[PDB]
Every structure is written in C-alpha cells, then in structure tokens.
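Below is the file query26.cif, which contains mmCIF, C-alpha atoms and all ligand atoms.
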data_structure
#
loop_
_atom_site.label_atom_id
_atom_site.label_comp_id
_atom_site.auth_asym_id
_atom_site.auth_seq_id
_atom_site.Cartn_x
_atom_site.Cartn_y
_atom_site.Cartn_z
CA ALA A 6 -15.69 29.06 -39.45
CA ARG A 7 -13.85 30.54 -42.39
CA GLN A 8 -10.08 30.65 -42.05
CA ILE A 9 -6.98 32.35 -43.44
CA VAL A 10 -4.27 29.69 -43.54
CA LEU A 11 -0.63 29.98 -44.58
CA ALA A 12 -0.34 28.49 -48.07
CA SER A 13 3.42 28.93 -48.45
CA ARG A 14 6.25 30.68 -46.64
CA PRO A 15 7.05 34.02 -48.30
CA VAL A 16 10.24 35.10 -50.06
CA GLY A 17 11.01 38.71 -49.24
CA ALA A 18 7.75 40.59 -48.94
CA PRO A 19 4.64 38.42 -48.49
CA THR A 20 2.23 38.09 -51.39
CA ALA A 21 -1.44 37.18 -51.57
CA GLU A 22 -0.29 33.77 -52.82
CA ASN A 23 1.18 33.01 -49.37
CA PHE A 24 -2.35 32.99 -47.90
CA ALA A 25 -5.43 30.90 -48.60
CA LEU A 26 -9.09 31.09 -47.59
CA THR A 27 -10.86 27.93 -46.45
CA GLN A 28 -14.07 26.93 -44.73
CA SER A 29 -14.13 24.32 -42.00
CA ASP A 30 -16.72 22.75 -39.72
CA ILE A 31 -16.41 24.72 -36.46
CA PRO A 32 -18.62 23.22 -33.73
CA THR A 33 -17.79 20.95 -30.73
CA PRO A 34 -17.89 23.57 -27.94
CA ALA A 35 -17.92 20.68 -25.42
CA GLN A 36 -18.32 20.79 -21.64
CA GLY A 37 -15.69 22.67 -19.67
CA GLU A 38 -14.95 24.77 -22.78
CA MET A 39 -16.58 27.54 -24.81
CA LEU A 40 -16.98 28.63 -28.43
CA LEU A 41 -15.76 32.13 -29.26
CA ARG A 42 -16.90 34.02 -32.36
CA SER A 43 -14.61 36.85 -33.43
CA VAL A 44 -15.64 40.43 -34.16
CA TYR A 45 -12.22 42.11 -34.52
CA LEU A 46 -8.82 40.71 -35.48
CA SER A 47 -5.53 42.48 -34.86
CA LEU A 48 -2.80 42.51 -37.49
CA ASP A 49 0.75 43.12 -36.32
CA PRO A 50 4.25 43.14 -37.85
CA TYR A 51 5.44 40.17 -35.75
CA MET A 52 3.13 37.96 -37.83
CA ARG A 53 5.60 38.28 -40.72
CA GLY A 54 8.16 36.41 -38.63
CA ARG A 55 5.57 33.73 -37.90
CA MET A 56 5.31 33.03 -41.64
CA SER A 57 9.03 32.23 -41.90
CA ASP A 58 10.53 29.10 -40.35
CA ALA A 59 13.68 30.80 -39.05
CA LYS A 60 14.65 30.09 -35.45
CA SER A 61 12.69 32.59 -33.37
CA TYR A 62 11.11 33.22 -29.97
CA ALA A 63 8.01 31.24 -31.01
CA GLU A 64 7.01 28.43 -33.32
CA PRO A 65 6.26 29.40 -36.94
CA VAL A 66 2.81 28.94 -38.41
CA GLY A 67 2.56 25.51 -39.99
CA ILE A 68 1.60 25.14 -43.64
CA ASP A 69 -2.21 25.17 -44.06
CA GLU A 70 -2.71 26.00 -40.36
CA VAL A 71 -4.61 29.07 -39.19
CA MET A 72 -2.69 32.32 -39.06
CA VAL A 73 -2.24 33.51 -35.48
CA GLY A 74 -3.17 36.79 -33.81
CA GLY A 75 -5.09 38.40 -31.00
CA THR A 76 -8.82 38.85 -31.43
CA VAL A 77 -11.81 40.40 -29.69
CA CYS A 78 -14.56 37.80 -29.50
CA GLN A 79 -17.95 37.11 -28.01
CA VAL A 80 -18.92 33.90 -26.30
CA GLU A 81 -21.65 32.03 -28.17
CA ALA A 82 -21.52 28.64 -26.39
CA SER A 83 -22.50 27.99 -22.76
CA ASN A 84 -19.07 27.89 -21.13
CA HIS A 85 -18.95 25.59 -18.12
CA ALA A 86 -16.33 28.03 -16.79
CA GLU A 87 -17.15 31.51 -15.45
CA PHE A 88 -18.11 33.15 -18.78
CA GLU A 89 -21.61 33.66 -20.16
CA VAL A 90 -23.22 33.80 -23.61
CA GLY A 91 -22.52 37.44 -24.41
CA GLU A 92 -19.36 38.31 -22.50
CA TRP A 93 -16.81 40.09 -24.68
CA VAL A 94 -13.27 38.79 -24.26
CA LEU A 95 -9.77 39.46 -25.58
CA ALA A 96 -8.62 36.12 -27.03
CA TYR A 97 -5.93 34.77 -29.37
CA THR A 98 -7.99 32.86 -31.95
CA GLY A 99 -6.24 34.02 -35.12
CA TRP A 100 -7.62 34.72 -38.58
CA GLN A 101 -10.88 32.78 -38.37
CA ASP A 102 -14.52 33.08 -37.35
CA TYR A 103 -14.77 30.57 -34.49
CA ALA A 104 -12.55 28.85 -31.95
CA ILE A 105 -12.79 26.80 -28.76
CA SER A 106 -11.34 28.19 -25.54
CA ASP A 107 -10.92 27.66 -21.80
CA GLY A 108 -8.53 30.29 -20.45
CA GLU A 109 -6.82 32.52 -20.42
CA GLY A 110 -9.11 35.20 -21.80
CA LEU A 111 -9.71 38.70 -20.44
CA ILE A 112 -13.35 39.58 -19.71
CA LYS A 113 -14.42 42.86 -21.26
CA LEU A 114 -18.09 41.93 -20.69
CA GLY A 115 -20.36 42.65 -22.08
CA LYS A 116 -22.25 42.36 -24.18
CA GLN A 117 -21.92 46.16 -23.87
CA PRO A 118 -18.30 47.21 -23.50
CA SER A 119 -17.70 50.77 -24.65
CA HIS A 120 -14.83 50.32 -27.13
CA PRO A 121 -13.98 46.60 -27.16
CA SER A 122 -11.66 46.87 -30.17
CA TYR A 123 -9.43 49.13 -28.04
CA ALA A 124 -8.36 45.91 -26.30
CA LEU A 125 -6.24 45.23 -29.40
CA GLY A 126 -4.47 48.61 -29.33
CA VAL A 127 -4.18 51.45 -26.82
CA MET A 128 -5.57 49.31 -23.98
CA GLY A 129 -4.02 46.10 -25.31
CA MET A 130 -0.74 44.65 -26.54
CA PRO A 131 0.72 47.66 -28.44
CA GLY A 132 -0.08 50.23 -25.75
CA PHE A 133 1.32 47.87 -23.12
CA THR A 134 4.45 47.40 -25.24
CA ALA A 135 4.96 51.16 -25.52
CA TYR A 136 4.26 51.71 -21.81
CA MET A 137 6.62 49.01 -20.54
CA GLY A 138 9.42 49.60 -23.05
CA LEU A 139 9.51 53.36 -22.54
CA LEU A 140 9.00 53.58 -18.78
CA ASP A 141 10.88 50.51 -17.52
CA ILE A 142 13.76 50.46 -20.05
CA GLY A 143 13.94 53.98 -21.46
CA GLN A 144 13.22 55.47 -18.01
CA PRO A 145 12.55 59.03 -19.20
CA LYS A 146 13.70 62.02 -17.16
CA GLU A 147 12.58 65.61 -17.67
CA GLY A 148 14.50 67.23 -20.51
CA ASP A 149 15.39 63.92 -22.17
CA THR A 150 15.16 63.84 -25.96
CA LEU A 151 13.05 60.90 -27.16
CA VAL A 152 13.15 59.60 -30.74
CA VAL A 153 10.86 56.87 -32.09
CA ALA A 154 10.15 55.75 -35.65
CA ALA A 155 6.85 54.44 -37.02
CA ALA A 156 5.62 57.36 -34.96
CA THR A 157 1.93 57.20 -35.94
CA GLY A 158 1.68 53.43 -35.56
CA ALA A 159 0.29 51.29 -32.77
CA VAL A 160 3.40 51.34 -30.56
CA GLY A 161 5.13 54.49 -31.79
CA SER A 162 2.24 56.90 -31.22
CA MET A 163 1.86 55.64 -27.66
CA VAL A 164 5.62 55.90 -27.05
CA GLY A 165 5.59 59.49 -28.26
CA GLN A 166 2.53 60.63 -26.33
CA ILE A 167 3.64 58.95 -23.08
CA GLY A 168 7.06 60.54 -23.52
CA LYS A 169 5.43 63.93 -24.00
CA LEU A 170 3.44 63.63 -20.79
CA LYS A 171 6.62 62.42 -19.03
CA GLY A 172 8.43 65.66 -19.91
CA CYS A 173 10.39 64.55 -22.97
CA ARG A 174 11.10 66.51 -26.10
CA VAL A 175 9.69 63.98 -28.58
CA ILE A 176 11.15 63.69 -32.09
CA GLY A 177 9.07 61.48 -34.34
CA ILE A 178 10.10 59.60 -37.47
CA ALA A 179 7.48 58.51 -40.00
CA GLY A 180 7.00 57.86 -43.69
CA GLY A 181 5.58 60.68 -45.77
CA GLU A 182 4.49 64.24 -45.05
CA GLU A 183 0.92 63.38 -44.03
CA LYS A 184 2.07 61.06 -41.24
CA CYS A 185 4.63 63.55 -39.91
CA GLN A 186 2.09 66.37 -39.96
CA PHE A 187 -0.45 64.15 -38.19
CA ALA A 188 2.15 63.25 -35.56
CA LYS A 189 2.75 66.95 -34.93
CA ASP A 190 -0.81 68.28 -35.21
CA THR A 191 -2.75 65.54 -33.39
CA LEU A 192 -0.30 63.36 -31.44
CA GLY A 193 1.53 66.35 -29.95
CA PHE A 194 4.99 65.46 -31.24
CA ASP A 195 7.50 68.31 -31.11
CA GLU A 196 8.91 67.26 -34.50
CA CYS A 197 8.45 64.41 -36.96
CA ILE A 198 10.97 63.60 -39.70
CA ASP A 199 10.20 61.87 -43.00
CA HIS A 200 12.47 58.84 -43.39
CA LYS A 201 11.61 58.75 -47.11
CA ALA A 202 13.12 62.21 -47.62
CA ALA A 203 16.45 62.15 -49.45
CA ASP A 204 18.16 64.25 -46.74
CA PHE A 205 16.50 62.38 -43.87
CA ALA A 206 19.66 61.92 -41.79
CA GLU A 207 20.55 65.62 -42.04
CA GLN A 208 17.04 66.71 -41.02
CA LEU A 209 17.18 64.35 -38.03
CA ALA A 210 20.60 65.62 -36.97
CA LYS A 211 19.38 69.20 -37.38
CA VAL A 212 16.32 68.83 -35.15
CA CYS A 213 18.32 66.74 -32.63
CA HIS A 214 20.64 69.64 -31.81
CA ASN A 215 21.07 68.43 -28.20
CA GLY A 216 21.48 64.74 -29.05
CA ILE A 217 19.27 61.73 -28.40
CA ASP A 218 18.77 60.38 -24.88
CA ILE A 219 16.18 57.67 -25.62
CA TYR A 220 15.71 55.92 -28.97
CA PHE A 221 12.71 53.59 -28.93
CA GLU A 222 13.79 51.19 -31.67
CA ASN A 223 10.97 50.02 -33.94
CA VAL A 224 12.61 49.90 -37.38
CA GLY A 225 16.37 49.45 -37.48
CA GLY A 226 18.22 49.75 -40.76
CA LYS A 227 18.63 53.20 -42.29
CA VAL A 228 16.79 54.88 -39.41
CA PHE A 229 19.10 53.44 -36.75
CA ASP A 230 22.07 54.28 -38.98
CA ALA A 231 20.92 57.91 -38.89
CA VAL A 232 20.27 57.70 -35.14
CA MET A 233 23.64 56.22 -34.07
CA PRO A 234 25.92 59.31 -34.30
CA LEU A 235 23.28 61.41 -32.50
CA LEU A 236 23.11 59.20 -29.40
CA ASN A 237 24.10 60.89 -26.15
CA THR A 238 26.23 59.55 -23.33
CA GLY A 239 24.06 57.44 -21.06
CA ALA A 240 21.38 56.91 -23.71
CA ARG A 241 18.85 54.09 -23.44
CA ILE A 242 17.62 51.99 -26.37
CA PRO A 243 14.47 49.92 -25.74
CA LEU A 244 14.80 47.33 -28.51
CA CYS A 245 11.19 46.73 -29.57
CA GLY A 246 11.23 45.84 -33.27
CA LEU A 247 13.27 45.94 -36.47
CA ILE A 248 10.56 45.97 -39.15
CA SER A 249 12.89 47.30 -41.86
CA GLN A 250 14.57 43.86 -42.01
CA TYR A 251 11.52 41.60 -41.54
CA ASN A 252 11.43 41.07 -45.32
CA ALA A 253 15.22 40.89 -45.66
CA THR A 254 16.65 37.98 -47.64
CA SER A 255 20.30 38.50 -46.59
CA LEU A 256 22.58 40.71 -44.52
CA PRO A 257 23.92 44.04 -45.83
CA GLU A 258 27.28 44.04 -47.58
CA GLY A 259 30.34 46.02 -46.50
CA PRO A 260 32.54 45.48 -43.46
CA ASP A 261 31.18 43.96 -40.26
CA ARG A 262 29.94 46.73 -37.95
CA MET A 263 28.96 44.52 -34.98
CA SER A 264 32.13 45.36 -33.05
CA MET A 265 31.55 48.98 -34.10
CA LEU A 266 28.14 49.04 -32.42
CA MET A 267 29.54 47.31 -29.34
CA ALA A 268 32.34 49.89 -29.15
CA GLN A 269 29.75 52.66 -29.44
CA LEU A 270 27.63 51.16 -26.65
CA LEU A 271 30.78 51.01 -24.53
CA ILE A 272 32.15 54.49 -25.29
CA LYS A 273 28.75 56.16 -24.87
CA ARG A 274 27.65 53.94 -21.94
CA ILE A 275 24.39 52.95 -23.64
CA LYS A 276 21.82 50.40 -22.48
CA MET A 277 20.38 48.44 -25.42
CA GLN A 278 17.79 45.95 -24.17
CA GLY A 279 15.42 43.81 -26.19
CA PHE A 280 12.07 42.75 -24.81
CA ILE A 281 9.02 40.74 -25.85
CA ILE A 282 5.82 41.97 -24.22
CA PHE A 283 4.31 38.48 -24.39
CA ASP A 284 6.70 37.46 -21.61
CA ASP A 285 5.16 37.31 -18.14
CA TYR A 286 4.54 40.94 -17.18
CA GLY A 287 1.35 40.19 -15.28
CA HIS A 288 2.59 42.24 -12.33
CA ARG A 289 2.79 45.37 -14.53
CA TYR A 290 -0.40 45.06 -16.60
CA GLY A 291 -2.67 46.41 -13.86
CA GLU A 292 -0.53 49.51 -13.42
CA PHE A 293 -0.44 49.95 -17.20
CA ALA A 294 -4.22 49.66 -17.42
CA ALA A 295 -4.88 52.15 -14.63
CA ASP A 296 -2.38 54.66 -16.03
CA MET A 297 -3.55 54.35 -19.65
CA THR A 298 -7.23 54.60 -18.70
CA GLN A 299 -6.45 57.77 -16.74
CA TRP A 300 -4.37 59.26 -19.56
CA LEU A 301 -7.11 58.47 -22.09
CA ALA A 302 -9.73 60.11 -19.88
CA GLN A 303 -7.46 63.14 -19.37
CA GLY A 304 -7.18 63.63 -23.14
CA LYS A 305 -3.42 63.03 -23.17
CA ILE A 306 -3.63 59.98 -25.48
CA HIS A 307 -5.06 60.00 -28.99
CA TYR A 308 -5.64 56.50 -30.36
CA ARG A 309 -5.90 56.23 -34.14
CA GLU A 310 -7.43 52.97 -35.38
CA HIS A 311 -7.39 51.71 -38.98
CA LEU A 312 -10.47 49.51 -39.26
CA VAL A 313 -10.81 47.60 -42.54
CA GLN A 314 -13.89 45.47 -43.15
CA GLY A 315 -13.91 41.80 -44.13
CA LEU A 316 -11.76 38.90 -42.95
CA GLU A 317 -11.26 37.98 -46.62
CA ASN A 318 -9.35 41.29 -46.86
CA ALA A 319 -7.10 40.44 -43.89
CA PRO A 320 -4.14 39.24 -46.06
CA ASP A 321 -3.89 42.36 -48.23
CA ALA A 322 -4.26 44.67 -45.22
CA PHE A 323 -1.42 42.82 -43.50
CA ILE A 324 0.76 43.23 -46.60
CA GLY A 325 -0.06 46.93 -46.67
CA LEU A 326 0.73 47.10 -42.96
CA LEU A 327 4.30 46.05 -43.71
CA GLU A 328 4.73 48.86 -46.26
CA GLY A 329 3.25 51.67 -44.17
CA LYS A 330 -0.09 51.67 -45.99
CA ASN A 331 -1.82 51.73 -42.60
CA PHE A 332 -2.72 54.92 -40.74
CA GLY A 333 -2.81 53.81 -37.11
CA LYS A 334 -3.24 50.44 -35.47
CA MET A 335 -4.47 48.01 -38.13
CA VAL A 336 -7.59 45.96 -37.27
CA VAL A 337 -9.89 43.89 -39.49
CA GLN A 338 -13.57 43.57 -38.63
CA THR A 339 -14.45 39.92 -39.25
CA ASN A 340 -18.12 39.82 -38.22
CA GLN A 341 -20.91 42.07 -37.06
CA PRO A 342 -21.81 41.60 -33.35
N1 LIG B 1 8.77 43.73 -28.80
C1 LIG B 1 7.41 43.50 -28.76
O1 LIG B 1 6.97 42.73 -27.89
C2 LIG B 1 6.59 44.18 -29.75
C3 LIG B 1 7.24 44.64 -30.86
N2 LIG B 1 6.56 45.30 -31.85
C4 LIG B 1 7.31 45.95 -32.93
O2 LIG B 1 7.00 47.32 -32.94
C5 LIG B 1 7.07 47.80 -34.30
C6 LIG B 1 5.76 48.47 -34.69
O3 LIG B 1 4.72 47.79 -34.11
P1 LIG B 1 3.26 48.50 -34.79
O4 LIG B 1 3.30 49.87 -34.15
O5 LIG B 1 2.27 47.46 -34.43
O6 LIG B 1 3.43 48.50 -36.37
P2 LIG B 1 2.75 49.88 -36.96
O7 LIG B 1 1.34 49.92 -36.45
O8 LIG B 1 3.76 50.90 -36.55
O9 LIG B 1 2.73 49.79 -38.61
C7 LIG B 1 4.01 49.36 -38.96
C8 LIG B 1 4.80 50.56 -39.42
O10 LIG B 1 6.16 50.24 -39.60
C9 LIG B 1 6.67 51.29 -40.43
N3 LIG B 1 7.66 50.71 -41.38
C10 LIG B 1 7.56 49.53 -42.15
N4 LIG B 1 8.66 49.31 -42.92
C11 LIG B 1 9.50 50.40 -42.63
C12 LIG B 1 10.78 50.75 -43.09
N5 LIG B 1 11.44 49.95 -44.01
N6 LIG B 1 11.41 51.88 -42.65
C13 LIG B 1 10.70 52.63 -41.74
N7 LIG B 1 9.49 52.43 -41.20
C14 LIG B 1 8.89 51.28 -41.67
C15 LIG B 1 5.43 52.00 -41.15
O11 LIG B 1 5.26 53.20 -40.60
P3 LIG B 1 5.71 54.58 -41.72
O12 LIG B 1 4.46 54.58 -42.56
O13 LIG B 1 5.91 55.75 -40.76
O14 LIG B 1 6.94 53.94 -42.31
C16 LIG B 1 4.30 51.01 -40.79
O15 LIG B 1 3.10 51.71 -40.66
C17 LIG B 1 7.27 46.55 -35.21
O16 LIG B 1 8.62 46.45 -35.50
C18 LIG B 1 6.82 45.41 -34.29
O17 LIG B 1 7.48 44.22 -34.56
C19 LIG B 1 5.16 45.35 -31.82
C20 LIG B 1 4.47 44.92 -30.76
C21 LIG B 1 5.13 44.37 -29.55
#
Can you turn what I pasted into structure tokens?
Amino acid sequence: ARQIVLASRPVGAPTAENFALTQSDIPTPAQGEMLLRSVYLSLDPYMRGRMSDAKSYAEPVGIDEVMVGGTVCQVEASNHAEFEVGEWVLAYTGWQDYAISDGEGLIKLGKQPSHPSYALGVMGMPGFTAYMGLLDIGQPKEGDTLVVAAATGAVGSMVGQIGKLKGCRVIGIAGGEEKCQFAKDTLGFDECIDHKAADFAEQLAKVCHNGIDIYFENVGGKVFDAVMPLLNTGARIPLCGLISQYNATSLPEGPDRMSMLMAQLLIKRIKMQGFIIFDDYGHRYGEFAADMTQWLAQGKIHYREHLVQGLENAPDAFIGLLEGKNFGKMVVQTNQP
C-alpha cells in the first residue's frame, strides 16, 4: 500500500510539506481478519485538528503515521468473519491503499452497490451529522428561520434541505456568488448570503427580518458575530463545527466576550449544544438511513460530490477543502474497482 503520512504538524494553514507519500509492504491478512483495498477516501475538516497535538476529543495523528479518515473499500482477502471477497464496506482505513480489518465495518455489498461513495456523504457521516444536529438539537418547527453557513458543503447542504422539507425558511451563508446561487437554484435555499461580501452582516440582517430561530453553527468567527444580534428568543444553536478557527494561531484581541455570550444565552433563553456524531448514536442511525433514503428517492435531497482523482492528490485537495476550494463533499478516488 501507498500511504499519506503526517510529516510535521502544521503552523496556521497546512502546507504540502506537512504530508509525505510512502510505500509500505501491505500483506498479512491473517485468519480471523481481512484485507481491505480502498476505492474512495473522504476528506473532512476535522482532520485539520488531528494534525495538531492540542488536547482534543481524540488522539492526534502521530508523526509519520497514516492520516486518518473514513473510506469505502472492497474486501480482497478471504475474511474468516462474515464478509466475502467482493463485499463493499464503509471502513476507516485512512489515506492508504490497503488495511487489515475485523469489525466494525458496514456492508454495502456488493460487489454491485449503486452509489457506494455516497456512504461517505449524504448516506454517511456528514448527512447523519446534519440530520441529528438539526432534528434532535435544533428541533425545527414550522415557520422557524434556519441559518447555516458552509451552505453548499457536506453538512450544510443537508441541514438546509432537511430544514426546507421540515417547513423552515432557510437562509444560507456561503463563500462567493457561485455557491450562493447554487444554494438557491439547486439546493432550494430561500436565500444565501456571501460571507466574503464587504457588507455581509448588513445583508444577513436584511434578509433575516424576522430574526433567527435556529443557527446550525459550522464556522464561528465573523459569521457567528454577524448572527448573534439576529438571534431570537428561544433560539437553538446546534454546535457542529468552527472551521474559521481551525487554522488559528491565537485568540482574537479586544475585551473578553465570554461572559457577553453567556449573558446573551441567558437573556434570549438560547440552547447552545455541541455534539460529535462519532459518539454512540447507533439507536438513531437506522431512522436516519430510512428517512434519508426516502428523501433522496422523493427528490427532496440533492447531493453534490466533489470527486478528485489520485490519492497522491489527497493532501492538496484537503488544503483546498479548508479554504472553500471544494464544491460539495470532497472525496478522493484512490483506486479503480
Ligand atoms: N460535529 C461533528 O461531529 C461534525 C462536525 N463537522 C463540522 O462541520 C463543518 C463542515 O463540515 P463539511 O460540510 O464536511 O465541510 P465542507 O464540506 O462544508 O467544506 C468546508 C467548508 O467550510 C467553509 N469555510 C472554510 N473556512 C471558512 C471561513 N473562514 N469562513 C466561512 N466559511 C468557511 C467553506 O465553504 P465556503 O466556500 O461557503 O466558505 C468550505 O467549503 C466543519 O466545521 C466540520 O468540522 C463535520 C462533520 C461532523
């Protein structure tokens, strides 16, 4: 197997120097285990945090160890378990060609699943994140105003479309005119505001004439600063991500606003709740899968995928992913099936 290992921990934004490409002898499938060969590899913003050694919900990637991530693989070794040579499976083998496994995969067998790569997006972790965060924490009611940034991304597009079918007025936030116009034309968003526009806060306040009832937080920073004075009484904030600060080297200057945010949550009676989808939500995944399969069949969910070819290109893609260079859920094709 070839491999993308972490050469050095990045300073600010990650560079191509922080990664390295290396071959390794990948055999020993053994008895009781299996050898998986990857076809697709997901790239996700959380991986940035895994490059830094700051105290976090998970262990950082060790120097010269494989970079982590969910993959869609095929079995190529006779598993002694209940999986055959050919069964497609959603695994977590990282940025490499081969790995050895023995639970807990998810059979998409195979070897003829319809859209196996969808297991990394709309039917996988990002769609599940959007589903759970919006429905269980945001708890949308008819007439609620829903605002989400990174609106054409893996999680944001799903948040917006689910909110639309749940009776929300959905205000998107994205970077650049093309993404906002795609969010309106194809994803069904009522509005979509360019956060790169100089008068972004004023545009947001203008289209949010009735306030914000749910803010699905994906970005933080300037976007949340513009959102705060528009929050309604009883608003809900599913705290999903804060990508605007993933490359931050220090805290912003100026006076400490922590007590200010706490006073706002108190005065406006707001629920702000962080969540990590990788926690045990096994009791909800079946409901999510049934609902999302139905909504996809009904034509209420458009899933945009950004497929880039070549595992050797996986670093650069990831870097671009952090700057909004992606259009949709970023996936790298590592091998032909
Ligand atoms: N809590 C959980 O368990 C999970 C959390 N997440 C979080 O959800 C968020 C998005 O996930 P995903 O949809 O996969 O990523 P995307 O597929 O949305 O791509 C990331 C997007 O972030 C946006 N972005 C990056 N920097 C900035 C910035 N400084 N200001 C505004 N927007 C920015 C860009 O969209 P644009 O071009 O519009 O700026 C970029 O395309 C991330 O924060 C991620 O960490 C993801 C999965 C699960």
Discussion item. Report as number ranges by chain all protein, DNA and RNA residues lying within 7 Å of residue A:276, evaluated on only C-alpha atoms, omitting residues in the same chain fewer than 2 positions from it.
Written reply: A: 240-242, 274, 278
Quick one: which chain A residues come within 8 Å of ligand LIG 1 (chain B), and what is the nearest atom pair for each with the distance in Å to one decimal, counting all atoms listed in the file, rows ordered by chain and ascending number, as a Markdown table?
| residue | atom | partner | partner_atom | distance |
| --- | --- | --- | --- | --- |
| A:48 | CA | B:LIG1 | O5 | 7.7 |
| A:49 | CA | B:LIG1 | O5 | 5.0 |
| A:50 | CA | B:LIG1 | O17 | 4.7 |
| A:51 | CA | B:LIG1 | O17 | 4.7 |
| A:130 | CA | B:LIG1 | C21 | 6.6 |
| A:131 | CA | B:LIG1 | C20 | 5.2 |
| A:134 | CA | B:LIG1 | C21 | 5.3 |
| A:135 | CA | B:LIG1 | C21 | 7.9 |
| A:154 | CA | B:LIG1 | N7 | 6.5 |
| A:155 | CA | B:LIG1 | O13 | 4.1 |
| A:156 | CA | B:LIG1 | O13 | 6.0 |
| A:157 | CA | B:LIG1 | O13 | 6.4 |
| A:158 | CA | B:LIG1 | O8 | 3.4 |
| A:159 | CA | B:LIG1 | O4 | 3.6 |
| A:160 | CA | B:LIG1 | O4 | 3.9 |
| A:161 | CA | B:LIG1 | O4 | 5.5 |
| A:162 | CA | B:LIG1 | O4 | 7.7 |
| A:178 | CA | B:LIG1 | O13 | 6.6 |
| A:179 | CA | B:LIG1 | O13 | 3.3 |
| A:180 | CA | B:LIG1 | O13 | 3.8 |
| A:181 | CA | B:LIG1 | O12 | 7.0 |
| A:184 | CA | B:LIG1 | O13 | 6.6 |
| A:185 | CA | B:LIG1 | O13 | 7.9 |
| A:199 | CA | B:LIG1 | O13 | 7.8 |
| A:200 | CA | B:LIG1 | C13 | 6.7 |
| A:222 | CA | B:LIG1 | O2 | 7.9 |
| A:223 | CA | B:LIG1 | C5 | 4.5 |
| A:224 | CA | B:LIG1 | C13 | 5.5 |
| A:225 | CA | B:LIG1 | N6 | 7.6 |
| A:226 | CA | B:LIG1 | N6 | 7.4 |
| A:227 | CA | B:LIG1 | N6 | 7.3 |
| A:228 | CA | B:LIG1 | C13 | 6.9 |
| A:244 | CA | B:LIG1 | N1 | 7.0 |
| A:245 | CA | B:LIG1 | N1 | 3.9 |
| A:246 | CA | B:LIG1 | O16 | 3.5 |
| A:247 | CA | B:LIG1 | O16 | 4.8 |
| A:248 | CA | B:LIG1 | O16 | 4.2 |
| A:249 | CA | B:LIG1 | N5 | 3.7 |
| A:250 | CA | B:LIG1 | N5 | 7.1 |
| A:279 | CA | B:LIG1 | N1 | 7.1 |
| A:280 | CA | B:LIG1 | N1 | 5.3 |
| A:281 | CA | B:LIG1 | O1 | 3.5 |
| A:282 | CA | B:LIG1 | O1 | 3.9 |
| A:283 | CA | B:LIG1 | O1 | 6.1 |
| A:326 | CA | B:LIG1 | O9 | 5.5 |
| A:327 | CA | B:LIG1 | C10 | 5.0 |
| A:328 | CA | B:LIG1 | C10 | 5.0 |
| A:329 | CA | B:LIG1 | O15 | 3.5 |
| A:330 | CA | B:LIG1 | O15 | 6.2 |
| A:331 | CA | B:LIG1 | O15 | 5.3 |
| A:332 | CA | B:LIG1 | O15 | 6.6 |
| A:333 | CA | B:LIG1 | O7 | 5.7 |
| A:334 | CA | B:LIG1 | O7 | 4.7 |
| A:335 | CA | B:LIG1 | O7 | 6.3 |
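Proximity of A:150, A:122, A:183, A:266 to residue A:229, computed with only C-alpha atoms, is greatest for A:266.
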Discussion item. Restricting the calculation to only C-alpha atoms: of A:165, A:108, A:216, A:67, which residue gets closest to residue A:197?
Written reply: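 Between A:165, A:108, A:216, A:67, the residue approaching residue A:197 most closely is A:165.
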Fill in: For atom CA of residue A:188 and atom CA of residue A:143, the interatomic separation in Å (one decimal)
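Computed distance, atom CA of residue A:188 to atom CA of residue A:143, equals 20.6 Å.
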Fill in: Interatomic distance (Å, one decimal) between atom CA of residue A:304 and atom CA of residue A:147
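Value for the atom CA of residue A:304-atom CA of residue A:147 distance: 20.6 Å.
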Item to complete: Quote the spacing between atom CA of residue A:149 and atom CA of residue A:186 in Å to one decimal place.
Response: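 Here the two named atoms are 22.3 Å from each other.
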